[PDB]
Amino acid sequence: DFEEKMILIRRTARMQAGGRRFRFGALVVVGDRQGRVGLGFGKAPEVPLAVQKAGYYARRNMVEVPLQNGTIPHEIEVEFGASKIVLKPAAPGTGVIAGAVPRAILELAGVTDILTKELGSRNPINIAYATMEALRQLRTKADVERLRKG
Amino acid sequence: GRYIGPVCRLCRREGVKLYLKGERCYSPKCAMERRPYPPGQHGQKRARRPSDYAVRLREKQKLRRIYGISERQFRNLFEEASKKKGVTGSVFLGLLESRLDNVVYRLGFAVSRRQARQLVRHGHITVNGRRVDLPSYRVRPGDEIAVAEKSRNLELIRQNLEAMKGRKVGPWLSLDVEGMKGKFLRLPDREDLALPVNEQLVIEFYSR
Amino acid sequence: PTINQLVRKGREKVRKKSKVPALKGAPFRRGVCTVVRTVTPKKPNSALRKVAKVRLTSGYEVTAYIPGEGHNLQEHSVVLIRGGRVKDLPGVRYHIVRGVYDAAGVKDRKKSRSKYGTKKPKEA
Amino acid sequence: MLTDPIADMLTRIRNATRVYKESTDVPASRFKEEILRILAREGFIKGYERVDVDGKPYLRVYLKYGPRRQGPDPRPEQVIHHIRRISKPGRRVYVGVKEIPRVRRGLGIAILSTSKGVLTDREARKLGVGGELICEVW
Amino acid sequence: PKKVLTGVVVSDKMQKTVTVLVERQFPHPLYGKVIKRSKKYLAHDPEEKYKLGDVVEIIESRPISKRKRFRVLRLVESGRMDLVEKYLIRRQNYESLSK
RNA sequence: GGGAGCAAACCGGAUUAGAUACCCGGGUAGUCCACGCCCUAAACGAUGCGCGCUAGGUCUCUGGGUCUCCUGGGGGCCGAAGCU
RNA sequence: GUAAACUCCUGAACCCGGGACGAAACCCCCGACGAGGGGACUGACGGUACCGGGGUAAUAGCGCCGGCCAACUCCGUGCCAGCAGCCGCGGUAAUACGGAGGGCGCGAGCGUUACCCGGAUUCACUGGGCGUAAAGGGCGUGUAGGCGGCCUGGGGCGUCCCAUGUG
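Residue numbers (full-length UniProt numbering), protein chains in the order written: chain S, 5 to 154; chain Z, 2 to 209; chain C, 2 to 125; chain B, 1 to 138; chain X, 2 to 100.
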C-alpha cells in the first residue's frame, strides 16, 4: 500500500470499417512519501481496468529517492524525447512548484521543497518519463566518493 | 469587509467545521452536525474529483475564513512572510496570529473572532496601558493585553473569562485571569497551532 | 549562429502591431454613425448581427459591433467605441458601448448588467 | 589543425569513457598535464603517463569506471558522467573569486587557469583568486 | 590625470599634425567575447618629426584646434607599415562597397 | 554559319459532350558551330568548409609492400556506441 | 437556512463639555551688542486632531458558474434572438443565449477597454535551431575580419588579487 495518485486518463481511438474502437490510458504514480515512488502506464479497454493495471506496472517500476529533509541533493536537467525537465534544490518553507505531473511524482516521493521548470515538449507522458529518469540519476556524497575511490 | 451574512454555512461548504459562531458551532448543531454537505440546491450529490486548483483554492479560503479576513489583507500578510527569512508557513501564521482581534480570541476575552473584533474596535481592549481599537494591530513580544477600565464592568467579558478560569492558553501566550490582563510571550511556532489546514497548499495556491 | 555572428548581426527584437488603431494609444474613441446595417456571420454560423460603420474623432471610420438584443441607432448617432473583434464578422474589430450618448442600454435586462450599460432597477 | 587542444582532450576522454576504454592517449602539452594532474587527484582517473608514438609525445590516460551492475544493460555507471569545455576559443570566460560556480552543488568540480597555476572551485575560492574558467567535471 | 594612449601614425600629411590610430580591447557586454574597436586621433607634432608608421604615445591636452585635443608624447617604435596596410586596405576595400 | 534526325508554336486526321490535350500524318523556331549575352533550377546527398575523436562485417575501383596478406586513397551495402 | 422574525448587548453616526504639539527664536533685560544666564510677542490649518460625558442597529455592490477556471438546476427560446479571451455554443428536451432559484470569487468596490513586462527557451549570452517540419549560400577563388600545433624566456595590454578615491 502506497499513496498512489493518478495523473491523467485518456481515450485513444483506433479505426476499423465499422467505426472507431476505444482504448484507455491511465498514467499513475504510486509512492510512500518516504523516498520510494514508481511510474506506471496502463492501457486497457475500460477505465477502472487500465488504472488498476497502471498500479501493477507502477509498483513493478519504482525508484529510490535520496532526500535531505524533503528535497533533492543537487540539480539535474533531463531530456526525454523532446520533453525536458529541470530539478533544482530548495530550502524548507518553499513547497513543490511544478505542473500536476511532475508535482504528483515528487509529492509521493516525500519531497516538500524543490524547484522545477518544464522546457521542451510539455507532453505529460514524456514529461513523466523524463522525471523518473532524472531521479534515476540522483546521488549523495556517499554515491560520489564510493565512485571516486581509486 | 469582515464577511457578514450566513456563517455556520462556511462552518459547512469546506466541510471541516469552523468554529465561526463560537458557542453554537460547539453545540450539537453548528448546522454542521445536522446537514453535513454543501449549501444550496445540490449539496448532497455525487461529489466530483476536485482539480488540483480546487484543492489549493479550497485550502486557502478555509484558512482565510477562520480568521475572517479580507483577501486583500490576507494576501498582504502572505507576501510579507514570503519576502522574509524563516519558513514562510510558520512565519505567516505567526503574523496572522499576532493580530489583535485574534489574540483577544486566543486569550479568551471573546467567544468568537468576530465577537473579539467588535470589542477591539469599541476600545474595550487596551495595550501596555494605552487603549486601542484597530483589529489589524500586530502584537509584539512582552505586551500586556489588558481590558480597559470602562470595559471591566460587563456581563459579556465575565462569562467569557468565566469558562477560561483554569483552562489553557497557547504556550506562547499568558493570561492573568483575575485582572483581565495577559501577555503575548513570543511568536507562535508552527507546532503550537492546530488549525485544519495543510498550509503548504496555501503557499502553492499563491505560486499561480 | 556563432557568437561572433551575434557580435555583428545581433538578435532582432520583434515588436507588435496593435489589433486596434483607436489611435493615440487610447482606451476609447468617440464616433458618429454612418451606416447601421444587418450583416451575416462567418463559417459554421447563421444569424444577422447588428453592426455600424462609424466616423471616429481619429478621421478613421470602421465597422463596430452593436451588442445586446434590440438597438436604437440611426444614420447619425453619436457613439462610444471599445476595441474587441467578433470572430465571426471578419473585420469588425471594435464594439460600441451601450448606455453612452445616443447608444441607449438594453431594456428589461437584469443579469450581466454593467456590460450592456443598464441602470440598477428597483423592481418594487 | 585543431583549434583547441583542451576541448579535444576533454572530448577524447568523454569519447573513450563512453565505450569503456581501458586507457586512451592524447597529444601532450604541459598545460594539459597540469589539467590531468587535477583529474587524477580529484579521483576521475587512475592517472596518466608520458608515452611515445612514432617519436611523438602522447599522454596515455588511464580511465576509471564504476562497478558492474545487474538488470538489463550491466554496463558499469561512470566516474565521469559529463565533462564540458567552458571558456572556448571564440567565447572566452573569466571570473573573479566571488563569481566562481559550485558544480553540481559541489559533487562535481570546476577547473580553472589562474596566475597561480591550474586550480579548482574550492582551492581557488580558498586561495582567494580567479581566472579563466576552463571546464566543469562530474 | 591627462589620459594617455598608444597608437600608430597613419597620416603625416598635415602641417605640424599627425593621425594616430588607437585600437582598444574590451569584453562584449552580453557575449563576453573580447572585441577590438579603434579610433583615429589628430595629434600635434610641432616639429614634424614623427613620420608615417611610427608607434607613439599621445597625451590629453587643452584644445589645439577644432578636432585636436592631444599631443605626441614620445616615440615607442618606428616603421610599422604592416599595420598601416591593414588600415589603408581596409579603407581601400570601401571603394568596393558603393553603388 | 549550319539544318539529316527530332520538335514547342502552328496545321491536318482521330477520340470525345467538348479535346485549344493524351494517339496519328506533317511542321517553324530551336536542337549543332563560332562569338557575345543571359545566371536560373527538385543547381538535391533537399546534408557549407577544415580538423580531431568514437565496434566491426560485407564487394568494389585505384595505388604501394621481403604480395594466404598488410597498408594508403575513393565508391556502395549491413550495422557498436551514440543521436533522432 | 441561523439566514429571517424573535431575545438580550455593543454602540459608527449624531449630541454636550474641555482643547493642543507644531512656537522659540528675531526682539526686551543682566553679561561685553560675544560665550553664558534670564524675560516677553506670535497659529493659517482650527475650536480641527485628540481626551472626557452622553448615545441610534445603522450603505452593498460587481463579475462569473461548458473547458481552460472555483461555482448546477428549472423555464423561455428553436442556426432565431443572441454569446465569444481561444476551442466553440444556439437547427425543440442548451449546465455556453435570456430570465429565475441556487452557487463560486472579490468587496466600496467589481467589471471592460487600452498599453508595458510575464507566461514566450516565440531573436534562445544565461537558453532554440536548419536530411524530410520554416532554415546550407548552385559551386569555386580569395579581401577585411574571426579563430590558432609543441617548447623556452622578455613584457604584463587582456585576466586575477590587494589598498585607496569616487560611486
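Note that beta-carbon positions come from the ideal geometry of N, C-alpha and C, so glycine has one too.
Hey, Z:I204 and Z:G90 are a contact pair by Cβ (cut 8 Å); roughly how many whole angstroms apart? 6 Å
In the DSSP assignment, the alpha helix (DSSP H) including X:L89 goes from what residue to what residue? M82 to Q93
Measuring alpha carbon to alpha carbon, tell me which residue in Z:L21, Z:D134, Z:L157 and Z:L176 is nearest Z:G143.
Z:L176
Just to confirm, is the Cβ distance from B:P76 to B:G66 under 8 Å? yes
Inset, instruction - With DSSP collapsed to three states, give me the class of residue 1 of chain C. - result: The question about residue 1 of chain C has no answer here: the residues shown for chain C are numbered 2 through 125.
Query raised in the report: Could you give the residue range of the beta strand (DSSP E) that holds S:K9?
Result: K9 to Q20
Quiz prompt | Nearest candidate by alpha-carbon position, reference S:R15, set S:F26, S:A21 and S:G22 | solution = S:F26
Practice prompt. Could you confirm whether any beta carbon from chain B is found closer than 8 Å to the beta carbon of X:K14?
Written response: no
Under 8 Å between C-beta atoms, does C:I82 make it to chain X? no
| request: Would you check if there are 3 or more beta carbon pairs closer than 8 Å linking the stretch 30-42 of chain X to the stretch 3-20 of chain X? | output: yes
- Query: Which value, in whole angstroms, describes the spacing of the CA atoms of Z:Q116 and C:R86?
  - Reply: 51 Å
First through last residue of the alpha helix (DSSP H) which encompasses X:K40:
Element bounds for X:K40: not the alpha helix (DSSP H) but the beta strand (DSSP E), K40 to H45.
### Query
What in chain S is Cβ-close to B:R105, meaning under 8 Å?
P77, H78, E79 and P93
**Message:** So, with DSSP's three-state summary, where would you put Z:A32?
**Reply:** coil
- Query: What is the DSSP secondary structure of C:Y66, reduced to helix, strand or coil?
  - Reply: strand
> Once you ignore the five residues that flank Z:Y106 on each side, which residues in its own chain have a CB closer than 6 Å to its CB?
Replying inline: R114 and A117
**Asked** Is S:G44 near S:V51, with beta carbons less than 8 Å apart?
**Response** no
I need the boundaries of the beta strand (DSSP E) containing C:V80, first residue and last residue. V79 to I82
Checklist entry - Starting from B:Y58 and walking both ways along the beta strand (DSSP E), at which residues does that stretch end? => result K56 to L63
ask   = Can you give the Cα-Cα distance for B:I6 and B:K32, rounded to whole angstroms?
value = 7 Å
For C:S78, which of C:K17, C:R9, C:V36 and C:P122 has the nearest alpha-carbon?
C:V36
So which residues of chain C does X:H29 contact, with C-beta pairs closer than 7 Å?
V8
Assigned exposure category for Z:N103 - 16 Cβ within 10 Å defines buried
buried
Discussion item. Would you call the stretch 86-95 of chain C in contact with the stretch 105-118 of chain C, where contact means no fewer than 3 C-beta pairs closer than 8 Å?
Written reply: no
Next on the checklist: Below 8 Å on the Cβ atoms is my contact criterion, and I expect C:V107 with C:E70 to pass it. Report the Cβ-Cβ distance as a whole number of Å.
Outcome noted: 7 Å
Item checked: Selected residue, minimal CA-CA separation from C:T64, among C:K44, C:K10, C:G26 and C:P22 -> C:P22
Worksheet item: Thinking just about the alpha-carbon of each residue, which of C:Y102, C:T58 and C:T39 is nearest to the one in C:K25?
Response: C:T58
Span separating the alpha-carbon of C:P68 from that of S:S125:
40 Å
For S:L139, decide whether its Cβ has a neighbour in chain B, counting only Cβ atoms nearer than 8 Å.
no
For B:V97 and chain X, any beta-carbon pair shorter than 8 Å? no
Query - Proximal residues of chain B, C-beta to C-beta of S:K145 below 7 Å - result: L107
Check: So which residues of chain X does B:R91 contact, with C-beta pairs closer than 8 Å?
Finding: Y32, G33 and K34
Exercise. Who are S:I101's beta bridge partners in DSSP?
Worked result: S:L119
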